[PDB]
Engineer: 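My structure is below; once you've seen it, I'll send some questions.
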Amino acid sequence: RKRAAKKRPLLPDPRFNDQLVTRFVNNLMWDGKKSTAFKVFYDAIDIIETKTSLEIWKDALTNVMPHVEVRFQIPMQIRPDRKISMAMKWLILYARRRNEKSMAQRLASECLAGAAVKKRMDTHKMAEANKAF
Amino acid sequence: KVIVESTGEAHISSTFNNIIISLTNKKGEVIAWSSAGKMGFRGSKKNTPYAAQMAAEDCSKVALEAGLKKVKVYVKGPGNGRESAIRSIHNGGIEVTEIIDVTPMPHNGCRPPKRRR
Amino acid sequence: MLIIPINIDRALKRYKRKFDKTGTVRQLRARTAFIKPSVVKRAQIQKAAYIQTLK
Amino acid sequence: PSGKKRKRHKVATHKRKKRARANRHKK
RNA sequence: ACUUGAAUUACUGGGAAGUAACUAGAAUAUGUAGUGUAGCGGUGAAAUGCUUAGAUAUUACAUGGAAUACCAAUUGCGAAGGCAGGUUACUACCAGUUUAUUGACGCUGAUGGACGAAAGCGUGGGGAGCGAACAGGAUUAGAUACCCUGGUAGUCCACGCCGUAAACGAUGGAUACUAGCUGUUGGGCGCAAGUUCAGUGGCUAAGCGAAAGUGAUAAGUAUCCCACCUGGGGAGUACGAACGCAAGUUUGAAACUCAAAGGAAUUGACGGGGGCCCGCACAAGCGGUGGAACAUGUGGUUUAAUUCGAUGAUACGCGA
């Protein structure tokens, strides 16, 4: 009986002029601080310049996109868009467990394509079991 | 030891809690059997189209490498899976030529057992 | 019996709908349990009365 | 009518029945 | 004295109407033989149970018991209980009609006789399935139950015994009158329409009824006969008697206690009844509390006093 949705339109960022970076830093924000989140993301993607650009980050963001979730524990597809919010949430949630020094340092999990693919593998292994529904 | 001449049947006996597929020669000698509970589906999912399909495909490409090409499937009993027990045999090699249903119905023979509350 | 001669999905759907039409998908769920005449004779006087009042 | 009136006549006929059963084989 | 009531006879029919004897198929169970390997069965999920000593599954044959899918139903028959696969024999009953026949031979019916669901009892067989009691598994705080796996009596047959039911249409049997509409069963008259008897359902007018309802198959208006009722509990109890192998059946009080029990309908309330909707109510996401130290509030314990009040949602950083 919510009867509506608005999807909350967004606005792109100056660097990389991309619309996914804005969603990523929005999920990265804490206590309503966007500037420091952008700073941390930029330091992280520049630290990732060891090995290309944010292309490798956005492709690593694909390996954490599940195709079916269990929610009598019935499996079902999630949505064509909630996939890139579960992927971002899982990446950001499991990048805060790395025992590195800084946030930009422990965010170096895009090259681990490492606690991010494990979640998708467990989801697929738990969804392929309850396939008779 | 049993002759596997290329004319046979597939007895699909289903019920309210399981299903059993048996590919059999044209003389009654069973060649290869399979069951939903046999295919690691122990629980309330034995009576499901996916379980029936897996149980059928288990024995399909087992009796296939024996000399069986044409089947005269006999279906018996109620329950789900009668569809995707012939679907995933005709879609897995061996070809079906009949869908004869031989579900037994008594003509007021015996007393049904004590309607359950 | 329900012998049906013979794509495969078309013939399978034909067989399934013939099986649902011949009145058996609900004939065995009635024989799974025991219905004594004292209860099988009221489902007629409560059905005929409904069909009559629906006229 | 109401069932409360027909009630208690099951208990009055069950207690007597159980008493007569428990008083059998007495001699 | 008469035929209109009643009964008999003649012709057309009618049915799961009875008793006895034969016979058929599907299905379940068991056994033998062939094939074949790891499960089968069960539940809201599990376990007990059967299985590598070859189960479940499939084919062929054999054995045995009970009940008769479709037809099949507000159908039909029977006084009621009740009666359902098919065939025969021995009976019984009913309806219509051109007959012929006797002439009130009729209705009801206390004592009484007969029949009388299921369960139960005795003797002798049979026993496939189901299954009281009972044994395990499961749920629960407990489960002597619901659920699951087995299972004795019984259910069946041949002689008997008891005579009880929500044995209900909760409406005794007759006869005669009083509006219609609409199906259906078996007859008659009909080339069809349709009409008239005998049964079986629904709507409804008048009329009855406290109302629900009934309403030509009356709970409508009359007459005859039988049974029963007189506040609730005690109580269908106590005592005596009759019947029965027994279980039990029939008849049937009193002392004592209360001012109430009871039927129909109305408004609200409620339901682990149904239908349609709403709310950060739930589903998703974020941040918390409950963990640690500090501040106030309150309960509790002490004090000469620890001022008073709210101590669920609607009190507890409240009056202040």
Side-chain angles (χ1 to χ4, degrees), chain A residues 75 131-133, chain B residues 2-4 6-8 10-25 28 30-41 44-56 59-60 62-64 66-68 71-82 84-94 96-97 99-100 102-107, chain C residues 2-7 9 11-15 17-19 21-25 27-32:
Chain A
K131 209 165 188 173
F133 299 149
Chain B
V2 53
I3 315 302
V4 206
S6 71
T7 49
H11 303 265
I12 288 89
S13 34
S14 185
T15 169
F16 290 157
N17 285 320
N18 205 327
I19 178 179
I20 300 180
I21 300 98
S22 97
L23 280 82
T24 300
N25 202 24
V30 159
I31 300 175
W33 66 278
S34 178
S35 324
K38 171 189 176 183
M39 303 316 296
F41 276 136
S44 99
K45 49 190 59 180
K46 284 183 290 182
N47 188 257
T48 36
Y50 183 75
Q53 162 183 321
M54 297 308 298
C59 55
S60 70
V62 158
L64 180 58
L68 195 60
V71 181
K72 202 172 296 302
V73 165
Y74 297 94
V75 185
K76 174 187 299 181
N80 314 125
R82 296 172 292 103
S84 95
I86 328 169
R87 186 197 317 273
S88 35
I89 170 174
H90 202 90
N91 287 14
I94 332 178
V96 174
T97 81
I99 327 183
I100 304 179
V102 302
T103 298
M105 56 145 169
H107 305 344
Chain C
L2 288 180
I3 168 181
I4 292 168
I6 294 181
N7 196 22
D9 252 328
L12 202 142
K13 215 154 302 303
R14 154 157 39 96
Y15 147 78
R17 305 326 150 177
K18 183 178 303 180
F19 185 83
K21 186 221 184 225
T22 171
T24 167
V25 310
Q27 185 65 229
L28 307 177
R29 319 194 84 95
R31 304 209 182 199
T32 42

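Naming: A, B, ... by sequence-line order, numbering from 1 per chain. The analysis underlying the following values was restricted to heavy atoms, covering all of them including side chains, and did not include hydrogens, waters or symmetry mates.
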Engineer: Would the distance check show the side chain of C/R14 and the main-chain N or O of C/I4 forming a donor-acceptor pair, the cut-off being under 3.5 Å?
Structural biologist: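 Looks like no, no N/O pair under 3.5 Å.
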
Engineer: Check for me whether B/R82 meets the cation-pi criterion with C/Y15, that is, NZ or CZ under 6.0 Å from the six-membered ring centre and within 45 degrees of the ring axis.
Structural biologist: no

Engineer: Of all the heavy-atom pairs spanning B/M39 and B/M54, show the shortest one and how long it is.
Structural biologist: CG-O, 4.2 Å

Engineer: Would you confirm whether B/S6, through its side chain, and B/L68, through its main-chain N or O, come within 3.5 Å as a donor-acceptor pair?
Structural biologist: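 No, B/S6 side chain to B/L68 backbone: no donor-acceptor pair under 3.5 Å.
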
Engineer: If you measure from NZ on B/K72 to CD1 on B/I99, what distance do you get to the nearest 0.5 Å?
Structural biologist: 12.0 Å

Engineer: If you measure from OH on B/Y50 to OG on B/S88, what distance do you get to the nearest 0.5 Å?
Structural biologist: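 That separation rounds to 10.5 Å.
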
Engineer: Can any side-chain N or O of B/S84 pair as donor or acceptor with the backbone N or O of B/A52 at less than 3.5 Å?
Structural biologist: no

Engineer: Using every non-hydrogen atom in the two residues, find where B/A56 and B/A85 come nearest and quote the distance to one decimal.
Structural biologist: CB-O, 3.7 Å

Engineer: Is the side chain of B/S34 donor-acceptor paired with the backbone N or O of B/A55 at a distance under 3.5 Å, no angle test?
Structural biologist: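 Yes; judged by distance alone, with no hydrogens or angles, the pair exists.
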
Engineer: In Å, rounded to the nearest 0.5 Å, how long is the span from NZ of B/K38 to CG of B/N18?
Structural biologist: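 Going from the NZ atom of B/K38 to the CG atom of B/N18 covers 12.5 Å.
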
Engineer: Give me the atom names and distance for the closest heavy-atom approach of B/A36 to B/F41.
Structural biologist: O-CB, 3.2 Å

Engineer: Can you check whether B/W33 reaches B/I21 side chain to side chain, under 4.5 Å on heavy atoms?
Structural biologist: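 Answer no - side chains too far apart.
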
Engineer: Per the side-chain contact (heavy atoms from CB on, under 4.5 Å) rule, which among B/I86, B/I100, B/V102 passes with B/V75?
Structural biologist: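 Answer after filtering B/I86, B/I100, B/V102: B/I86.
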
Engineer: Using side chain to side chain contact (heavy atoms under 4.5 Å, CB included) as the criterion, list what pairs up with B/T48, not counting sequence neighbours.
Structural biologist: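 B/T48: side chain to side chain contact (heavy atoms under 4.5 Å, CB included) contacts with A/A132, B/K45, B/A51.
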
Engineer: Considering all heavy atoms of both residues, which atom of C/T24 and which atom of C/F19 are nearest to each other, and what is their separation?
Structural biologist: CG2-O, 3.1 Å

Engineer: Can you classify the ring geometry of B/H11 versus B/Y74 as parallel (below 30°), tilted (30 to 60°) or perpendicular (above 60°)?
Structural biologist: parallel

Engineer: Determine, step by step, whether B/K76 and B/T103 satisfy the side chain to side chain donor-acceptor pair (under 3.5 Å) criterion, reporting the C-alpha distance in whole Å, the side-chain angles of both residues, the deciding distance to 0.1 Å, and the verdict.
Structural biologist: CA-CA 4 Å; B/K76 174 187 299 181; B/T103 298; over 6 Å; no

Engineer: Report the distance from atom CD1 of B/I94 to atom CD1 of B/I89, rounding to the nearest 0.5 Å.
Structural biologist: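 So the CD1 of B/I94 and the CD1 of B/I89 are separated by 5.0 Å.
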
Engineer: Looking at B/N25 and B/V2, would you say the former's side chain and the latter's main chain have a donor-acceptor pair under 3.5 Å?
Structural biologist: no

Engineer: Restricting to non-hydrogen atoms, name the atom on B/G92 and the atom on B/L64 that form the minimum distance, rounded to 0.1 Å.
Structural biologist: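 Nearest heavy atoms, B/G92 then B/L64: O-CD2, 4.2 Å.
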
Engineer: Does a side chain donor of either B/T24 or B/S22 reach within less than 3.5 Å of an acceptor in the other side chain?
Structural biologist: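 Present: a donor and an acceptor within the cut-off.
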
Engineer: How close do B/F16 and C/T32 get, heavy atom to heavy atom, and via which atoms?
Structural biologist: CE1-CG2, 3.6 Å

Engineer: Can you tell me if B/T97 uses its side chain to pair, donor with acceptor, with the backbone of B/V71 under 3.5 Å?
Structural biologist: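 Confirmed, B/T97 side chain pairs with B/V71 backbone.
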
Engineer: Rounded to the nearest 0.5 Å, what's the gap from NZ on B/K46 to CD1 on B/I19? Could you check?
Structural biologist: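 Separation between the atoms: 12.0 Å.
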
Engineer: Rounded to the nearest 0.5 Å, what separates atom CG in B/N80 from atom CG in B/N47?
Structural biologist: 4.5 Å

